[PDB]
Amino acid sequence: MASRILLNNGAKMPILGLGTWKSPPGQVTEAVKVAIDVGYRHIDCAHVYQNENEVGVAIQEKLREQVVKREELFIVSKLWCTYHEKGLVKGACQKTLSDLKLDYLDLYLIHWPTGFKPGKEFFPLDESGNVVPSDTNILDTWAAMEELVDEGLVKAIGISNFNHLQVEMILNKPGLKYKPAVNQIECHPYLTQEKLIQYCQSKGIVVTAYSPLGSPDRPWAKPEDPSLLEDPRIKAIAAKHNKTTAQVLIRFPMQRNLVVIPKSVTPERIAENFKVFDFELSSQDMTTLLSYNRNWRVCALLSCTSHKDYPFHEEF
Ligand SMILES: NC(=O)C1=CN([C@@H]2O[C@H](COP(=O)(O)OP(=O)(O)OC[C@H]3O[C@@H](n4cnc5c(N)ncnc54)[C@H](OP(=O)(O)O)[C@@H]3O)[C@@H](O)[C@H]2O)C=CC1
Ligand SMILES: O=C(O)COc1cc(F)ccc1C(=S)NCc1ccc(Br)cc1F
Ligand SMILES: [Cl-]
């Protein structure tokens, strides 16, 4: 397959990127260096991951080494929930830029539709454990994102974890200046997301699939949870193609016209996960993988579920 997808800002985005959530700060610099050495040109980052400085060390070294040019990289980060305030968006973006050693981002996403009270804590709680909301809505936050484009800090803006009706609100915003380029959502065979994907694609938004391997390192994993990487039905498809289960799980979203961002800090796996451009899943394989949907999410959070903008009460 072709390696990049055209966005509605006119730029091209690599369809495979390296995820960095949970990548330890003492390992992520090497992970990103290895990734760039073996062909990755897209890194998915976020301020809340607490490792952007270390990701940036790698990016900067590979630019300095002239392994790559800046124009050939596609660096993504995300505005955390405690920075949904007109007066905080630019500084949040600029902190990310400073940490990543960059003068622009290729794509900057609203990480979640929910705004939280600003302050030092990423999840400010009341004494009963509910997240403390911000009164600032997704439309005013979007206008603040648009300003970043108009200041040259970011080349594209988008959204993440927005449900159908939240994407629609964005698209229906009075005075909308820039459409979202991307909606980054969880997507894998147990959470296939057909409805939200069709809605977004029909509107020209590119979808990025996160947790494509089912996030086995998620901190809240339980033993009885389903496991994509161990599912013998998926292992059988992999065996048939002489690929690993992870490689099937990465190729799957690619053939749905999605971008996909598997995370690893293991050099061998970083390389394995990139070797997904020389085989094709059949239509029958694709439909079979889709059939495994069970509406199972890695990323949900009870403390945020009353927030008026919490995204997953809607069907999609
Ligand atoms: N926008 C949002 O709200 C969210 C964004 N994301 C983004 O998506 C990225 C990917 O999702 P994430 O939840 O991290 O989980 P993934 O589904 O990418 O799974 C990562 C886990 O899979 C392991 N792994 C990686 N490659 C292989 C392989 N070839 N064989 C076996 N195991 C493998 C990793 O181990 P190891 O590292 O030890 O090799 C790690 O434990 C995140 O890192 C982040 O960048 C994720 C969640 C939410
Ligand atoms: O979010 C990430 O990218 C990956 O996950 C995280 C990454 C972090 F660095 C810190 C927390 C999370 C959590 S707990 N994320 C889930 C989550 C957060 C906020 C809301 Br609204 C709902 C929700 F489901
Ligand atoms: Cl963030």
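Please note: Cβ atoms are built from the backbone with ideal geometry, for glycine as well, and neighbour counts cover all protein chains shown. What follows draws every value from the coordinates through simple rules; no lab data is involved.
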Looking at this structure, is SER291 touching a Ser or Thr at 6+ places or on another chain (Cβ under 9 Å), without any contact (Cβ under 8 Å) to a residue 40 or more places away in the chain and small (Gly, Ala, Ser)? yes
Looking at region 21-33, is at least one residue assigned to a helix (DSSP H, G or I), under 23 Å from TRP112 (Cα atoms) and within 13 Å of ligand 1 (Cβ to nearest atom)? no
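Give the residue that is farthest from ligand 1 (Cβ to nearest atom), with candidates limited to residues of region 210-255 that are aromatic (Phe, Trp, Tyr) and touching a residue at least 24 places away in the same chain (Cβ under 8 Å).
Restricting attention to region 210-255, the residues satisfying the condition of being aromatic (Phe, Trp, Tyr) are 210, 220, 252.
Pick out the ones that are also touching a residue at least 24 places away in the same chain (Cβ under 8 Å) and you get 210, 252.
Details: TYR210: 3, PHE252: 12 Å.
Only one residue tops the list, namely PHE252.
Could you please find all residues in region 150-167 being without any contact (Cβ under 8 Å) to a residue 60 or more places away in the chain and either in contact with a strand residue (DSSP E or B) (Cβ under 9 Å, 6 or more places away or on another chain) or under 16 Å from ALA46 (Cβ atoms) (or both)?
Kept after step one, since they are without any contact (Cβ under 8 Å) to a residue 60 or more places away in the chain, are these residues of region 150-167: 150, 152, 157-159, 167.
Matches in region 150-167: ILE157, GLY158, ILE159, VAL167.
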Can you name the residue in region 60-109 that is small (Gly, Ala, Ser) and not in a loop (DSSP other than H, G, I, E, B) and is also surrounded by the most Cβ atoms within 10 Å (Cβ to Cβ) among such residues? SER77
Got a sec? Which of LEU148, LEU153 is over 18 Å from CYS200 (Cβ atoms), aliphatic (A, V, I, L, M) and in contact with a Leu (Cβ under 7 Å, 6 or more places away or on another chain)? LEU153
More than 16 Å from ligand 2 (Cβ to nearest atom), out of contact with any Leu (no Cβ under 8 Å at 6 or more places or on another chain), small (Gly, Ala, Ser) and farther than 30 Å from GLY152 by Cα: does that describe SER227? yes
With respect to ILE170, is the statement that it is within 17 Å of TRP21 (Cβ to Cβ) and either in contact with a strand residue (DSSP E or B) (Cβ under 7 Å, 6 or more places away or on another chain) or among the β-branched types (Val, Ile, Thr) (or both) true? no
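Does at least one position in region 169-181 carry a residue that is assigned to a helix (DSSP H, G or I) and buried (at least 22 other Cβ atoms within 10 Å of the Cβ)?
Within region 169-181, one or more residues are assigned to a helix (DSSP H, G or I) and buried (at least 22 other Cβ atoms within 10 Å of the Cβ).
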What pairs can you find where one residue is in region 67-91 and without any contact (Cβ under 8 Å) to a residue 24 or more places away in the chain, the other is surrounded by 23 or more Cβ atoms within 10 Å (Cβ to Cβ) and of a type in the set (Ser, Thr, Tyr), and their Cβ atoms are less than 9 Å apart, with a gap of 6+ or different chains? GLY91/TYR83
Could you please find all residues in region 244-287 being buried (at least 18 other Cβ atoms within 10 Å of the Cβ), away from ligand 2 (no atom under 16 Å from the Cβ), under 18 Å from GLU186 (Cα atoms) and hydrophobic (A, V, I, L, M, F, W, C)? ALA246, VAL248, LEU249, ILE250, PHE252, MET254, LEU258
Would you confirm whether or not region 97-111 contains a residue that is within 16 Å of ligand 2 (Cβ to nearest atom) and farther than 19 Å from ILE59 by Cβ? yes
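So, of the residues in region 22-70 that are of a type in the set (A, V, I, L, M, F, W, C) and in contact with a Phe, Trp or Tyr (Cβ under 6 Å, 6 or more places away or on another chain), which turns out to be nearest to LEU102 (Cα to Cα)? Walk me through it before giving the result.
First, the residues of region 22-70 that are of a type in the set (A, V, I, L, M, F, W, C): 28, 31-32, 34-36, 38, 43, 45-46, 48, 55, 57-59, 63, 67-68.
If we keep only those that are in contact with a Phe, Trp or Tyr (Cβ under 6 Å, 6 or more places away or on another chain) as well, we get 38, 48.
Values: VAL38: 21, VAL48: 18 Å.
Among those residues, the one meeting the criterion is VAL48.
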Could you tell me whether any residue of region 116-135 is away from ligand 1 (no atom under 16 Å from the Cβ), buried (at least 18 other Cβ atoms within 10 Å of the Cβ) and polar (S, T, N, Q)? yes
